[PDB]
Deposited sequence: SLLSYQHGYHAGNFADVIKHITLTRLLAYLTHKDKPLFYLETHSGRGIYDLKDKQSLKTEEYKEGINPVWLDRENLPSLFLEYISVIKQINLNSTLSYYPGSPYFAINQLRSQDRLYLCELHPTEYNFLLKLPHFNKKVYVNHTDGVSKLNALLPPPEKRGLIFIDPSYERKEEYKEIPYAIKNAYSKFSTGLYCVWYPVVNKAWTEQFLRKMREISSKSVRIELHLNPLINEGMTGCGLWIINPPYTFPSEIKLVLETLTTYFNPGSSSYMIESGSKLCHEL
């Protein structure tokens, strides 16, 4: 599903988080629990990107400046103006992070992991690991850098992931309560998502939840998605509102919607 609507909101979110955190001239630990293969060939042998990135990309000269970092990476990976490749989250991170930072990328699938070994590092410090990323949360936090962005992008192919994930974040948060945690989740079965969200809510009240809903007339497959952020940056709630408003003009316009909800200790 590379470059679908969920990738678009998740990756722009990532770019805004990276843009904020790199304001501080102290090293950042960047941890991905589910890195995938890192770059996606849109021309190999369903074109979901046509309804995600493609309308956004085609109209790029009309986008608000909050989209700049996201667009520039998509521009970079592609040889010309025709979309041939879509970057994965590690390709965004390597672009925005600095030589002083430390990237730790986890991937469980052997084929995907083998492709991830081929990502350029430029002058960044990139550790690629063939491992259960969710299990790694416990071992790697708190990091020596004492500053961390933990970007969690599960597939939720198992129902049990909706309870495993908040369990792992709760444990991680107990050991490193000042880390910036960002977890993506789908809306496929509202009940499962609501149970996931109740567990996320228990971890910390310094939180923001963002969601983007396509509102198709048939509730089949993923009809929307969201991200839950613990310790979100200064100014992120209002930036992300502009982003989400813009996206609803590209995805099912007239019917799509978004929401933003912050915890009891966030504004």
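Peer 1: Just jot down which stretches of the deposited chain sequence have no CA coordinates, in the order they come.
Peer 2: Missing C-alpha atoms (numbering from 1) occur across the ranges 1 to 9, 55 to 58, 281 to 283.
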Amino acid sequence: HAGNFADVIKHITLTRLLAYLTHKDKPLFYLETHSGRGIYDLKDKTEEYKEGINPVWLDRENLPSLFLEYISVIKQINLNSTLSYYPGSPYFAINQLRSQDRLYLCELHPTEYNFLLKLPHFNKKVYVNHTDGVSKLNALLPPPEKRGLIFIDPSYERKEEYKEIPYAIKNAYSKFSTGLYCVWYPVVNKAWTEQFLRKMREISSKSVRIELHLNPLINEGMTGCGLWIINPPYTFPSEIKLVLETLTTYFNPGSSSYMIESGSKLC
From here on, numbers count along this sequence of modelled residues.
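Peer 1: Report the stretch with the higher mean CA temperature factor, choosing between 178 to 186 and 152 to 160 on the basis of the entry.
Peer 2: Taking the mean C-alpha B-factor of 178 to 186 and of 152 to 160, the larger value falls to 152 to 160.
Peer 1: Averaged over C-alpha atoms, is the B-factor higher for 14 to 22 or for 239 to 247 in this PDB entry?
Peer 2: Averaging CA B-factors over each stretch, the winner is 239 to 247.
Peer 1: Can you tell me which of 147, 75, 170, 136 has the maximum CA B-factor listed in the PDB entry?
Peer 2: That would be 136.
Peer 1: Between 69, 32, 211, 61, let me know which has the highest C-alpha B-factor in the entry?
Peer 2: Highest CA B-factor of the listed options: 61.
Peer 1: Compare the C-alpha B factor of residue 120 with those of the other modelled residues in its chain, then answer lowest, middle or highest third.
Peer 2: Middle third - that is where residue 120 ends up once the chain's C-alpha B-factors are sorted.
Peer 1: Determine, from the deposited record, the chain-internal third of the Cα B-factor for residue 233: lowest, middle or highest.
Peer 2: Ranked within chain, residue 233 CA B lands in the highest tercile.
Peer 1: Select lowest, middle or highest to describe the third in which the CA B-factor of residue 102 falls within its chain in this entry.
Peer 2: As the PDB entry reports it, the C-alpha B-factor of residue 102 lands in the lowest third of its chain.
Peer 1: Going by the entry, which third of its chain does the Cα temperature factor of residue 84 land in?
Peer 2: Top third by C-alpha B-factor.
Peer 1: Within this chain, which third does the Cα B-factor at residue 140 fall in: lowest, middle or highest?
Peer 2: Its C-alpha B-factor, which the entry lists for residue 140, ranks in the highest third among residues of this chain.
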